[PDB]
């Protein structure tokens, strides 16, 4: 089939940067970016910036955001499956984040910080289970690439990138997401409702150093990791 790989990491760890060198390594590699742009301008399929609304008032807008974020991701991921630039021969589909990071990293953290209440979190989990019982199986992952960077590196890369919505994100929030990533992907101690994930191979790339100096090594490790699935 199409091999499906998610790329996971903290805010500003270097996912779009990493994603932008993949297509040139192999004509058979496709990428489904996180639709962060539709989150910044909500429009049917100039509107609200729901990402901005969550960060300005997260106890008001987290559920709405998290629900919209994950639905719009599932849609973009499905559309690239049947998007039949498969046929292909040796096809790999890279997902920028996943429905699993949406729920177990981001939505979970907001619930634990009291930005979703029990009713919101119950609803979200029920929607998320149900959505994946329909429109998953097909989204299942063969592998995960974890781009690992300290919270402080990420706080600096947020400044570098300059996305308006992220400029007030405190270190404390990024550290919370860091530990949840480390639990899921380094220690593999996270309990999820998706049994096969516990067994999915993970490649861990330390991307704290500068991208130019790391590039050659990263590519070797990506190609080798791919060849084993």
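Numbering follows the first chain given and starts at 1.
Item to complete: Would you mind checking whether residue 44 is unresolved in the model of at least a third of the other PDB entries compared?
Response: Looking at the other entries that model residues on either side of it, residue 44 is missing from at least a third.
Worksheet entry | Other entries modelling both neighbours but not residue 15, at least a third | Modelled in all the others, so no.
Worksheet entry | Continuity check for residue 45 and residue 46, given as deposited residues lacking coordinates between them | In the record, 10 or more residues between residue 45 and residue 46 lack coordinates.
Practice prompt. Higher average CA B factor in the deposited record is what I'm after, so tell me if that's 25-33 or 175-183.
Written response: Between 25-33 and 175-183, it is 25-33.
Worksheet item: Which is higher in the entry, the mean Cα B factor of 56-64 or that of 34-42?
Response: It is 34-42 that shows the higher mean C-alpha B-factor.
Discussion item. Checking the record values for 129, 87, 152, 114, which has the greatest CA B factor?
Written reply: So the option with the highest C-alpha B-factor is 87.
Worksheet item: If you check the C-alpha B-factor for each of 109, 122, 98, 80 in the entry, which is highest?
Response: Each of 109, 122, 98, 80 was compared by C-alpha B-factor; the highest is 80.
Worksheet item: If you rank the chain by CA B-factor, which third does residue 205 end up in: lowest, middle or highest?
Response: Residue 205: CA B-factor falls in the middle third of its chain.
Item to complete: Would you mind ranking residue 217 by its C-alpha B-factor against the rest of the chain and naming the third, lowest, middle or highest?
Response: CA B-factor rank for residue 217: highest third.
Practice prompt. Could you say whether, by C-alpha temperature factor, residue 51 belongs to the lowest, middle or highest third of its chain?
Written response: For residue 51, the deposited C-alpha B-factor lands in the lowest third.
Worksheet item: Lowest, middle or highest third: where is residue 148 by C-alpha B factor in its chain?
Response: Lowest third, going by the recorded CA B-factors of the chain.
Fill in: Modelled-residue ranking by C-alpha temperature factor, third containing residue 7
Lowest third.
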